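Okay, structure first, notes after.
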Amino acid sequence: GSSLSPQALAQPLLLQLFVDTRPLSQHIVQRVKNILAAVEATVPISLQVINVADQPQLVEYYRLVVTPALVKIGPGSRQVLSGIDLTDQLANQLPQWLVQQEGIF
């Protein structure tokens, strides 16, 4: 009936990067991790890399077709960043993820 210690804490940010194991992606990976690490915060982000070479099925699921690519799953809205612009777009999307402001009260 009543709750004593309700559970509902925010979970870390889920971030995934799709790469074909090419150094360029590893290159971007450092930039990806380096940027995310440039904010940490109370809501840390977990970066998981998926080898599109081993599993092209989820790539199509995300309508993903270009690599390297970076996709945010949440919590929150889902986004797909790709075209070696991951760092530019990521840096642009990250603030928005934290800010989440559509305007001023």
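Numbering (the deposited numbering), first residue to last: 1 to 105. The beta-carbon is built from N, C-alpha and C at its ideal position, and this holds for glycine as well.
| How is the alpha helix (DSSP H) around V29 delimited, first residue to last? | As a first step, residue 29 is located in the sequence shown; it is residue number 29 there, counting from the start. From DSSP, the alpha helix (DSSP H) with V29 extends over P23 to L36.
| Would a C-beta distance cut-off of 9 Å place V49 and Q11 closer than the cut-off? | The count along the sequence shown starts at 1 and reaches residue 49 at position 49. The count along the sequence shown starts at 1 and reaches residue 11 at position 11. The answer is no: Cβ separation not under 9 Å.
| query | Using a threshold of 8 Å, is the CB atom of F18 nearer than that to any non-hydrogen atom of the ligand HEM? | reply | The ligand HEM is not part of this structure, which contains no ligands at all.
| In terms of alpha-carbon separation, which member of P56, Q79 and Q30 lies closest to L14? | Numbered from 1 along the sequence shown, position 14 holds the residue referred to as residue 14. Comparing Cα positions, the closest option is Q79.
| query | If you draw a straight line from the C-alpha of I35 to the C-alpha of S46, how long is it? | reply | The residue given as residue 35 occupies position 35 in the sequence shown. The residue given as residue 46 occupies position 46 in the sequence shown. The alpha-carbon atoms of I35 and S46 are separated by roughly 13 Å.
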